[PDB]
Structures are given as C-alpha cells and as structure tokens.
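This report refers to the structure that appears directly beneath it.
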Ligand SMILES: *[C@@H]1O[C@H](CO)[C@@H](O[C@@H]2O[C@H](CO)[C@@H](O)[C@H](O)[C@H]2NC(C)=O)[C@H](O)[C@H]1NC(C)=O
Ligand SMILES: *[C@@H]1O[C@H](CO)[C@@H](O[C@@H]2O[C@H](CO)[C@@H](O)[C@H](O)[C@H]2NC(C)=O)[C@H](O)[C@H]1NC(C)=O
Ligand SMILES: *[C@@H]1O[C@H](CO)[C@@H](O[C@@H]2O[C@H](CO)[C@@H](O)[C@H](O)[C@H]2NC(C)=O)[C@H](O)[C@H]1NC(C)=O
Ligand SMILES: *[C@@H]1O[C@H](CO)[C@@H](O[C@@H]2O[C@H](CO)[C@@H](O)[C@H](O)[C@H]2NC(C)=O)[C@H](O)[C@H]1NC(C)=O
Ligand SMILES: *[C@@H]1O[C@H](CO)[C@@H](O[C@@H]2O[C@H](CO)[C@@H](O)[C@H](O)[C@H]2NC(C)=O)[C@H](O)[C@H]1NC(C)=O
Ligand SMILES: *[C@@H]1O[C@H](CO)[C@@H](O[C@@H]2O[C@H](CO)[C@@H](O)[C@H](O)[C@H]2NC(C)=O)[C@H](O)[C@H]1NC(C)=O
Ligand SMILES: *[C@@H]1O[C@H](CO)[C@@H](O[C@@H]2O[C@H](CO)[C@@H](O)[C@H](O)[C@H]2NC(C)=O)[C@H](O)[C@H]1NC(C)=O
Ligand SMILES: *[C@@H]1O[C@H](CO)[C@@H](O)[C@H](O)[C@H]1NC(C)=O
Ligand SMILES: *[C@@H]1O[C@H](CO)[C@@H](O)[C@H](O)[C@H]1NC(C)=O
Ligand SMILES: *[C@@H]1O[C@H](CO)[C@@H](O)[C@H](O)[C@H]1NC(C)=O
Ligand SMILES: *[C@@H]1O[C@H](CO)[C@@H](O)[C@H](O)[C@H]1NC(C)=O
Ligand SMILES: *[C@@H]1O[C@H](CO)[C@@H](O)[C@H](O)[C@H]1NC(C)=O
Ligand SMILES: *[C@@H]1O[C@H](CO)[C@@H](O)[C@H](O)[C@H]1NC(C)=O
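Chains as they are written, first to last, in PDB author numbering: chain A, 25 to 544, 662 to 794; chain B, 29 to 538; chain D, 401 to 537.
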C-alpha cells in the first residue's frame, strides 16, 4: 500500500522543497512500509484549465490529500477555489498554506478544506483582547460590505455578545467606491474614540486619506487595523500612530510545507490503525461517488496535535482552521513599522518599546470624548416636574417658597402646539420642581452644562413592535435616549429589568412603589377578587407605555389584568387622575410617590392597599455610559448629607 | 434566434434527449421562439461536466444553460457556480440535487437556483406550528455542514414572531453510516418535547428516525418536521420514515422532468424577451473559458436583472439577489398512512390552507401500546370551572394560559360524520388542573367540547354527555364539572376527587 | 464559574447553626458554610475549618441567584471585623475581603454608601433600609 499525497504550487522551486520535506517525513515514522509518495503540479492561468489539471495528475493518481499554496502576488480567493471544489467533490482533504480569505471557512461551500494559517476574520479576536487590556468599550466597526467585512463583523459581534457589551455602530463601506466621507462624518459625532477598520488595500488607503481630510487622526483617537491595512497602498497614506498587526510567518512557504506534511503523515499513521481504508477515486472520469474513507480521514486530521512543527504547535478548531497563532503588533512610528508586542494566543505580551498613539501622546488615551453640552429629556410629572408657560419675554413668573426661598427654574422646550394630533410646534416653557433641583445640583457637582427638553409623545416608554414589521422598537424617553436625541433622562423613571437591558440606571434617588387610587377604601392591593375578576362594575386603568404596563405585560399570572387594562389606558397621569376624580374611572394604578402626593394635595381621593411593586426612580443613561459612577456617587452623597430630605420637604410636603 | 441549452445527469432512459429537442416545435406559445440544444453527461463528475460545458460553449453561441440532476448530489452546485462565475453564462438549475440553495455566491455568479432557502422553509414550518398551536418544540440537528445557518434561521424566526415560541432543548447528534451508535440513544431518551424539528441529510435522517424508533420517539404524541434536506426522491420514501412526517416543498415537487425543463426554458426565454424589448436588441451570447471577463459587463448586469423578475403562467419566479426564489408558492406535505407523500396544505400568499382542522395521529409505531400517550379529553362549559371564548383577534390563536379547544364537529350545519371542527379557546380551574396533570404525567391531549347531552343521563339505555363519550371509547378521559356518584362509577372509573361538592339550596336574603 | 462569597451573621438575614448530629449533615433549605481558616482547628488532621449551616433571607437570595445566573459557590463568614470600616487606610470585614480579592462577592446586611461605592462596586439594592430610631413605648 503506497499512500500518495499531492501539492499544487507556483514557483517551480518550492516543489523541490516539498519533495525534500516529504522525503524527510518518510525517513521518520512508526511504519516505513506505507512508502509515503508525493506528487506536484504548477499553477495554471485559466481557472477551468486549472481544475482540469487537478482532475488529471493529482486526482488521476492515488492521492490521499492535496496541498495548495498562493503565488506571492496578491490574487485573493481565485487560485485555490478550483482545486478545493474538485477535491471536495470526492471529500479529499485540501490543506491551504497561504490563503487568508474567510470564504474557505464556510463548510457548506468548501466541504473538505483545512488550513494551517488563520484567516483575516480571526484578527478580530486579538482586538477583543486589546479591548480587554486597555478597558476600551466604545468602538466603531468600519468594515467593508464584501464577505470579508461581514465575516469579521460577525465574529467580533459574537465575541462581544459572549461578554456583556455591544459595538457602538458599524459602517458598511462598499468596496471600490469613492467618497467614504459620509461615514466618517457620521462617526465623528459619536462618543466613541476607537476606530476599527477591516478593508482591502485600496479601501484602507481611501479611508485613510478621507480621515486625514476630516482631521479624525488627531489626539484621543485610536486606530486598530489588520494585515491588509498596513501593507501595499495602505501603508503609504496610513496615518502615524495606528496599531496594526501581522502574522509571524505569513508567507514562509517552506515552513508551512514542512509543518503540513508532518501533520498529514501523523494523521495517516494515526488512522491507519483502524484500517478500513478505501482507495481514492483514481481519476475524475469513471467515478461519481465520494471516497468513503475521506470524511473519516478529514475528521481525524482535524484533531491532530502536531506539536513539533516549524511554526509551533498545530491544532485545528471545529471549522478546520489553525487554532492558535502569533500576531506581531505593529505601530507606525515616524513612517516606520515598529513591533511592540506579540500575541501568544490568549494574551498580548508587551516586552519592549512604547506605543506611540496617533496624536503623539505617550500616555494611553481613554476611548471616549464625552461632551460638555448635554441634552437632557424630561416628562411632566406634577410632584417632580412642574411645567409652566413662559411670559412673552422668554422667562416665566418669578416665585418663592412659603419659607421664603427662591425657586430655581430652567428653560425647557415642550410639545406646546395649537395644532391637534401630534405635537407640531416645540414652544418653550419653564420647568422646575424636584427633578430639576436634583439636576441643578448634579450639574453643579459634576461640572457640565445642560439643555432640558420635554419628551415628544408624553410617554415614559416601552418597547413595542414597529408597524409594518416584526421587530420591537422603543418609544418615549426610552426611545429618545437609545436613539441619541437625549443624552440623559432626569425624570421619575422606574427601574425595571426590561429597561436595564438597554439603559444604564444610576443608584435610586427615590424609593417608592405601586399603589391604587380611588375616590374617597374597599380595595386591598392587586389581590382583591374584584381586580382578579374583571367586569364593567369595577373599571381600572393605568398610563399607556409606562412601567406598570410592562409590569403587567411581563406577568403570566396577571394576563387577564393586562387584558382588561388594555381597553381603558390613558394618555397621561394627570388626565387619569382628573377622570378618576370626576367619577369616570374607578381605580387608577400608579406610583406611590405621585399618587400619595396627589391624594395629600388635592384630597377627595384615597390610596388603598400596600405597595405591591417596590422600586426606585433612577437617572437613565445610554448603555455603559462613562460617567455613570460619578452620578451614582453624587446621588449617594445627596442621600447622606441632607439634600434628599430638603428636596422632600420643599416639594412633596 | 435565442439559443438555450439543456444539460442532464439524471441518466435514466436515453430517448428523452430527443424529446428535449422535439419540444423545439412546442414553444410557439412563448414569444421569441428559441432554438434548444440537448447534450447530457451520464457520469456527473467534475471532469465530464467541465469538458461538456466547454464543448457546448465552444460549438454554438448559447444564451443560457439549464441544468438538472436527480437527487442527493452535493458538490455539483459548487461546480455549476464556478462555471457560471468563470464563463459568465446565465445558468439555471431545475429539478433537484443541484437546486438546494447555496447561499453565499461568488460576486460574478449567475447560478440562479430554482429553490427556496432555509429561512423561508422555517417561516412556513413555524406558521404550521402556529396553525396547530404547538408552542413547545425541540430542535435536533446533526453535524451536517449548514446546521449553523439552520440554527440562526430558527432563532431569527422565533424572535420575529408574535407568538411566545418556546425552545425546549437544542441537541446536536452525531449520525452517519454506522458511526458511534451510542451517545445518541442516551440524549434522545431525555428530550421531553411533543413536537420535534429535525435538520439532517437523507442518510442521516434515516439513521435518526431509526434511532428515535428505538428510543420511543415516533408515533402519536410526537410530530416531526423536516426541510427538503431529509426528503430524497419523494416518489418513493424509505421505510424508516415515520408516518406523520411533515415537510415543506415547492409547488413543482409533483411536476415531471419535461415540465420543469419547459419552465426553465420559459424563464430564460422571458428574460431574453424582456431584455430585447427594453434595449431593442437580442441578448449577447456568452463566451468560453479563454480570456476570462473579469469585471461584469454592463450588458451582463442588465440581462441578469431582467432575468431576475419574471412571472410565468400565474406562478411568480422572482429571484432573490442571493440566487434562490423569493415568495414562491410553497406546499406543506406529509407522509400518510399508506406511506405516500401527499399534499396537506398550501402557502400561496402569506396565508395557510390546511386541510386538517385537527392534526391526525395513527396507530403506526405503537408496538408497545404505551406509546399511545395521546389522549382526547371531552369537556363541557361551566362558568366557574371551564369557560370558552373566541380566539384573540390581534395575533390569532389564544391568550397565554388558554388551551385551544375544538367544538365537537360543526353541528350547526354539519351534524354529520364530517370531521371538520371549529376552534375556540378554553380556560379556567379544570383547564389548569388538566394542564398540570399533562405536565406531570407527561402526556399530550386534544381538548374538545361535547354537543350530545351535558353531563350524562341514561336515556333509553344509552349514555350521553361526557360520560357517554368516555363510555363509548370516543374519549380517553373527560374532565370538567363531573360529579362522582354510584351509577357512573359502575360503567366508568373515576379518579380521586379534587374539589368537594354536593347538593345545596340557594334562596334570596333580600 | 465558582464564586467565593463572604458573609456575616445578622439574625434577620443570616443565621448560623451547627449541623444535625443525627443525619451527619444538616436540614435542607440551608446552605453549608465554613468559618475562616486563619486559626487552624484541625487538631491534627480532622478538619481545619468549622463547618456550620447558614440560612435566612440573604442566603435565599443567593440561592435564587445561583439558580438563575447558573453559577456555583461556596460560603464563608468573616471573622476579621464587622461589615467594614477603614482603619489606618486599610479595610476590614466583608469590604476588606472583597477589596483585597479574597472573595468574589459579599452578601448580607451591607449598606450602600459613597465611601464603599468608590472603592468597590455594588449591585442594585434588593431591600431598602436606612438610619432609624428605636424607643421604648
Ligand atoms: C510516486 O510519485 C511519482 C511522482 O512523480 C509518480 O510518478 C508519476 O507517475 C504518473 C503516473 O504513472 C506519471 O504520469 C508521471 O509522469 C510520473 N512522474 C514522474 C516524475 O515520473 C509515481 O507514479 C508514484 N508512484 C506510484 C503512484 O506508485
Ligand atoms: C462626497 O459627496 C458629498 C455630497 O453630499 C460632498 O459633500 C460636499 O462637499 C463640499 C466640499 O467638500 C462642501 O462644500 C459641501 O457642503 C458638501 N455637501 C454636503 C451635503 O455635505 C463631499 O465633498 C464628497 N466627497 C468627495 C471625496 O467627493
Ligand atoms: C522560513 O523560516 C525558516 C526557519 O524559521 C528559515 O530557515 C532559516 O534559513 C536561514 C537561511 O536561509 C538559516 O540560516 C536558518 O538556520 C534557518 N532556520 C533554521 C531554524 O534552521 C527560512 O529561511 C524562512 N524562509 C523565508 C523565505 O523567510
Ligand atoms: C508563539 O511563539 C511562542 C514562543 O514564545 C511559541 O511557544 C513555543 O511553544 C513550543 C510548543 O508549545 C515550545 O516547544 C517552545 O519552547 C515555545 N517557545 C518558547 C520560547 O517557550 C508558540 O508555540 C507560538 N505559537 C504558535 C501557535 O506556534
Ligand atoms: C469646569 O469646566 C470648565 C470648562 O471645562 C473649566 O474651565 C476651564 O478651566 C481651565 C483651568 O481650570 C482653563 O484653562 C479653561 O480655559 C477653562 N475653560 C472655560 C471655558 O472656562 C473649570 O475649571 C472646571 N471646573 C473645575 C475643574 O473645578
Ligand atoms: C468621577 O469623579 C471623579 C472625581 O472624584 C473623577 O476623577 C477625576 O477626573 C478628572 C477628569 O476626568 C481628573 O482630571 C482627575 O485627576 C480625577 N481625580 C482623581 C482623584 O483621579 C472622574 O473622572 C469622574 N468620572 C468620569 C467618568 O468623569
Ligand atoms: C423587471 O425588472 C426590470 C429591471 O429591474 C424592469 O425594467 C425596467 O423597465 C422600466 C419601464 O418598463 C424602465 O423605465 C427601467 O429603466 C427598466 N429597468 C432597467 C432597464 O434596469 C422591468 O420593467 C421589470 N418587469 C416588469 C414587468 O415591470
Ligand atoms: C471496518 O469494516 C468492517 C467491515 O468491513 C466493519 O464490520 C467494522 O465495524 C469497521 N470498523 C470500523 C469502521 O472501525
Ligand atoms: C403655547 O402654544 C399656544 C398656541 O400656539 C401659544 O398661544 C402659547 O403662547 C404657547 N405658550 C407659550 C408659553 O408660549
Ligand atoms: C401600518 O401597518 C398596517 C398593517 O397592520 C398597514 O395597513 C399600514 O399601511 C401601515 N402604515 C404605515 C404608515 O406603514
Ligand atoms: C456513458 O457515456 C455514453 C453517454 O454519451 C453512453 O453511451 C455510455 O454507454 C455510458 N457509459 C457507461 C454507462 O458506462
Ligand atoms: C365546519 O365543518 C364543515 C364540514 O365540512 C366545513 O364545511 C365548514 O367549513 C366548517 N366551518 C368552519 C371550519 O368554520
Ligand atoms: C488570625 O488569627 C490570629 C490569632 O491566632 C489573630 O491575630 C487574627 O484574628 C488573625 N491574624 C491576621 C489575620 O493577621
């Protein structure tokens, strides 16, 4: 039994190296009777003629495995495709030595394909590690629209989703298209200062020139790119201080040939014990069935720890890709590509030199540039946020407390519009109260300026399925905070699990619960049989798109509760209270903090039962906002000294 | 005029080739008469395929190529895609084998498969599950290449649906010829799910069904659903396939080879005619292997787009950018009692046409009898215990915690043998008890209301009501407001009482 | 996935008991806990740690968290100071154990305040509290 392997090369000289390497491999092994044989063929220009060349010689001979290399001149995924298809027809394993494209990782297209070199997509992994090293969280994924960009983005998103994080935004750059300036203009607005690029040489050069035009290469920014973006045309126009990376061996054909023949021989020896070896198809013509042993040969070849190779230990993952690697990190320091570290496979190891960031700084920059002018959204809640009309001169009535203290007021832009339906005019008013006083204290403590505006639709916000679609989208202050119109929510927003997945909540600044308001006392909580057996006799309702809606919708035990509620929800809390007092609605379920104040001030109404959902009000921010801790600390401090007691006494008597 | 070529590989009779060009004097219905060309490979291997396509290209200037294969051929699709990418010739795959959708195409590809993707199949299967209200299912996938796309599709369809789709368990098996017998029986032994969606190839499907039969997972109480990957040559299915297997195919599944060839020729002819009527000139024929084009010519990119949106004989054949068929008329088929694949429902335009109001189950695979875990539960309506209501109009079906109950037949006008039922949604105390019982004892049930009598009364020697239904083997059990007394215990067996009642008298205190 | 949880006895929330001698172990719905092993109670080779059983509100919350987040955990009490106070710039108690990485997390009657929230991280409060005055009627 003579086990023959084959190779398709280009240089006509590396085939002699492959013959030498296979001869050495034959000189060392368990058995020496298999008489390992080798054959080789040079590359052909025509792809169809190339595939026919694979069918002849290689396939015609009794070959067990095929190796394929790539000519030095970059031609991308064009040369190994025909041999991969032809050998995958018979499930004959094909080992790639220099190709880097991720299209060959898809086992649906290329069935029997393994590679000894990681693809371009795997680079994203090291980026994650770097993001762990420097604690960067806000990133932008500027990736091409081709398969490579989609694969890199998908892998990075998978890694990020394994952890608790998410990329700020991705930007699809269509290959070969000029004017990428729109994407850079969009990315300049965002808070993230870490730019990640995945594109070819021409695309990388184009985006580098466009970013130089937009001055996005200055101080504070961080650029992380791949191998294709620090070579060829890209390196010429690349801005200084970018951090790229490159594989250690990369193009050392001889190392990848020796390391491949060693593992192939080890695999052959390993599976030869079980025998049941089926001879190869012996020619494309005269056979239409796959080689039966082929699948098992590939399966045993994938799990083969050949830890004596030129390029280190060889191991393959579930998709037939070389598990580990070593990436050298490159910095463009004064037009020179200097090495500053080596990625062992799980952690980057910095040994010598110092990273020079693009702005010229010698100190690690944080990955965000939080602005000073802060847009803050708020809603109209009577005990917390009083909204009053401003006089014709642009400021509203001056007022003082009963004790004799000046009431601080700010200017806000609310939905006041004479036109019916939606708000069609944002006429300014003046806002004050508990939340605005807290906001003023917070802004004084944290040294930032603010612009306060009211929510567009008068709702707190729950995610709901968008019309003519199947996905759910947020609305209200929730939607405006997530979209970007507002940067912080200072309002009585109830903390709950649904909102905490997308919004970051500070420490609660007001503990409260949910209670029931009726006319001025035969209701005990939400467990009374009348409230468990809905009917026209006792009607109960809440505010649409609020925390109570979410609470009842997320309860399996209270489905009928929400079913009855859905028929009578109200636009706002104030109109619901007015309807209840006027004997148009029987019971109104709402927060204790507001309901108790309404019952105390306006009287003629009573709160019944004990609080059945204890929660707190919190300042809402975008996910992973850098200044969450600040605010939380301040809130805790306000609880400690005297501030929340004074705010309670002054506003909610 | 237009040259359209037909390629073969299904082998079979050799005379059909002549007919393939005899139909040359049949396309008079189609405008812009077409000259066909018939050369068929009989070894379906890469060398012969490439050489014959080379010679066909070199001999006569062809405008489009139609390919057909029999079944279960994997790598032919990649070869056709490679040839289309190289020679820049619009190919069209008909019949099966090479019609399985190959999702990521090459940038210059013009494969244009006449198949339907995995996402659409999963959409239709989930629609069927919604129609039969099977909220809790389990997904069984092999290590066949492509199971990742299947898992992504099922997750996407589950997320993109109004219903609260429950995914009980996802378990990956290891099938194959012989292989590792163990580690599959143990895993299949502890999957507690009434409906299973499987994804595997034909041989893997056969092995999985055999193992499930050995694992007590087939028969009534277990509904299997598979995409076309498990089905092979639907003319004759293997014996290992269990009765009640459900799949979704395209409309052309019942067509013959000649009809499919005619449809492909019509597609190419209509594309060429649209191109001619738009540009005022006949489409440019393709070349050959030498002098590869490189950048796709603007004419090619226009002929391809014209070929994309084509409608013929009512059915629409619009092609997605990926190369498969978007919004086709799909048919949901199933394996019947006589082990023959027959149509059960259609899809048409976003609306399901199921011919079974209630999914039937058969005595097949009932070797230990105990496998008949399925039950039929007769029930009545009493305001405190069991209450029915109309289905919720917003999302169809029912509200959570509400079992679907079908009223007995359609007595209002169909008071006869006619089986069709009428759906309602049942809830209450007794329904909660029945749900808990089915959860604990691990059985499935078909809840249905009673029309003859109310609770049971011996009239002229026969029993009506729920007692009548149970006593006459029409229902395995009856739950509701059924009082235990001596006359009923003598003919049927009750259970331990779960709520104490009696005879009581009500008056007016006013 | 194995978290090391530090805690301290607080009658309403954390209760420590000796295990039942009759059955060897202790009553279910009671998580086994160990006492700090600084002082060796081995007395040769028997056991270097005092094995008690902990129960109460906080332990119930911890069990629910272990079920939901799907993690495993041990549990040991703190014998170096109370809940925690900075003395000479160092921290003792539960805050000391967590800050110096001796334990993954601390559960019990631990109040959120600024001085602790600066040095360590805190989760969302699960029971509200504060300063209160007790007088005899
Ligand atoms: C061992 O490999 C050598 C590789 O050269 C094979 O020699 C080739 O054999 C094929 C088929 O007979 C011929 O078409 C080539 O011309 C041969 N090449 C040379 C350089 O002689 C040899 O046949 C193999 N031994 C086997 C298969 O037993
Ligand atoms: C890409 O196209 C946009 C057009 O939307 C160009 O934007 C204009 O650029 C000029 C000069 O830079 C400005 O005076 C205009 O105000 C811009 N218009 C807008 C709407 O922004 C942009 O310059 C183009 N870029 C390239 C590289 O061609
Ligand atoms: C690929 O790598 C190998 C080893 O990593 C290189 O082999 C070295 O070659 C030089 C001269 O060519 C010798 O002086 C060294 O002793 C060799 N290394 C060893 C370990 O023996 C080989 O040159 C590399 N090929 C390329 C193209 O860079
Ligand atoms: C990356 O480089 C390191 C060298 O620092 C390689 O580590 C070698 O690993 C082999 C086998 O595991 C050992 O025999 C060597 O002693 C190691 N080198 C040193 C200096 O300790 C590592 O294998 C490389 N990574 C890969 C994937 O090859
Ligand atoms: C609060 O922020 C303002 C603006 O960022 C700070 O004012 C700057 O102060 C520095 C020196 O402290 C000056 O060099 C800048 O020119 C000032 N800018 C402006 C616009 O006034 C202010 O110092 C901050 N308050 C602090 C740090 O307590
Ligand atoms: C939270 O507040 C602290 C103050 O205790 C901030 O720490 C200071 O931050 C400024 C600028 O970020 C630095 O110039 C000071 O040196 C920091 N002080 C110390 C003692 O380190 C902290 O930055 C705030 N958090 C955020 C996100 O801004
Ligand atoms: C099928 O698609 C083609 C191209 O998308 C349509 O061709 C267009 O026809 C209109 C008028 O008939 C022209 O104004 C467009 O310029 C054409 N698009 C091109 C040339 O790309 C064709 O009309 C579609 N079929 C039908 C029935 O509408
Ligand atoms: C090897 O093949 C024989 C039949 O030729 C079969 O009985 C045996 O199980 C096989 N062993 C394997 C596949 O390990
Ligand atoms: C609110 O809108 C009305 C109608 O446009 C307008 O008359 C009124 O002046 C507005 N309020 C204020 C404070 O300007
Ligand atoms: C909203 O969806 C409905 C379908 O429920 C559709 O009829 C209507 O046109 C859609 N409206 C808009 C503005 O898309
Ligand atoms: C296949 O080749 C030709 C088809 O043109 C046929 O005549 C021949 O008999 C076939 N050879 C076989 C089936 O071995
Ligand atoms: C009721 O059953 C009859 C029996 O065939 C059927 O014709 C009718 O359509 C059914 N009505 C429904 C399902 O509403
Ligand atoms: C350990 O125990 C000793 C008593 O033996 C006492 O000093 C203290 O509790 C601990 N000492 C430390 C932690 O240094």
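Think of the CB as a built atom: it goes at the ideal place given N, C-alpha and C, for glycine as much as any other residue.
Listed by chain order, chain A residues near residue i by CB distance under 8 Å
i              : result
residue 512(D) : 531, 777
Whole-Å CB distance - residue i paired with residue j, under 8 Å assumed
i              : j              : result
residue 526(D) : residue 512(D) : Between residue 512(D) and residue 526(D) the Cβ distance is about 11 Å, and since that is not below 8 Å, they are no contact.
residue 527(A) : residue 505(A) : 6 Å
residue 90(A)  : residue 305(A) : Between residue 305(A) and residue 90(A) the Cβ distance is about 13 Å, and since that is not below 8 Å, they are no contact.
residue 458(B) : residue 433(B) : About 11 Å; that fails the 8 Å criterion.
residue 114(B) : residue 71(A)  : 5 Å
residue 148(A) : residue 176(A) : 5 Å
residue 212(A) : residue 237(A) : At roughly 12 Å, the Cβ-Cβ gap does not stay under 8 Å, so residue 212(A) and residue 237(A) are not in contact.
residue 208(B) : residue 227(B) : No, residue 208(B) and residue 227(B) are not in contact; Cβ-Cβ is about 19 Å, not under 8 Å.
7 Å CB neighbourhood of residue i in its chain, flanking five on each side removed
i              : result
residue 134(A) : 108, 112, 128
residue 133(B) : 109, 139, 350, 351
residue 680(A) : 709, 726, 727
residue 463(D) : 431
residue 410(D) : 508, 509
residue 194(A) : 165, 167, 177
Cβ-based neighbour list, residue i, same chain, cut-off 6 Å, excluding 5 preceding and 5 following
i              : result
residue 362(A) : 355
residue 410(A) : 456, 457
residue 456(B) : 413, 414, 415
Where residue i meets chain A, residues with beta-carbon distance less than 9 Å
i              : result
residue 427(B) : 700, 701, 704
residue 528(D) : 532, 535, 755, 757
residue 517(D) : 531, 770, 773, 774, 777
Residue i vs residue j beta-carbon contact at 8 Å
i              : j              : result
residue 294(B) : residue 340(B) : yes
residue 330(B) : residue 91(B)  : no
residue 392(B) : residue 376(B) : no
residue 29(A)  : residue 288(A) : yes
residue 538(A) : residue 740(A) : no
Chain B residues whose Cβ lies nearer than 8 Å to that of residue i
i              : result
residue 135(A) : 102, 103, 173
Neighbouring residues, chain D, relative to residue i (Cβ below 8 Å)
i              : result
residue 726(A) : Those do not exist, as residue 726(A) stays about 30 Å from chain D at its closest Cβ, beyond 8 Å.
Limits of the alpha helix (DSSP H) - the one that residue i falls within
i              : result
residue 365(A) : Note, residue 365(A): premise wrong, no alpha helix (DSSP H); beta strand (DSSP E) at 360-367.
residue 77(B)  : 74-87
residue 205(A) : 205-213
Where the beta strand (DSSP E) through residue i begins and ends
i              : result
residue 457(A) : 451-457
residue 429(B) : It is not in any beta strand (DSSP E) - residue 429(B) carries neither H nor E in the DSSP assignment.
7 Å Cβ cut-off: residues of chain B touching residue i
i             : result
residue 67(A) : Under the 7 Å cutoff, chain B gives no residues; its nearest Cβ is about 15 Å from residue 67(A).
Contact list for residue i against chain B, beta-carbon separation under 9 Å
i              : result
residue 226(A) : Going along chain B, no residue has its Cβ under 9 Å from residue 226(A), so there is no contact; the nearest lies around 15 Å.
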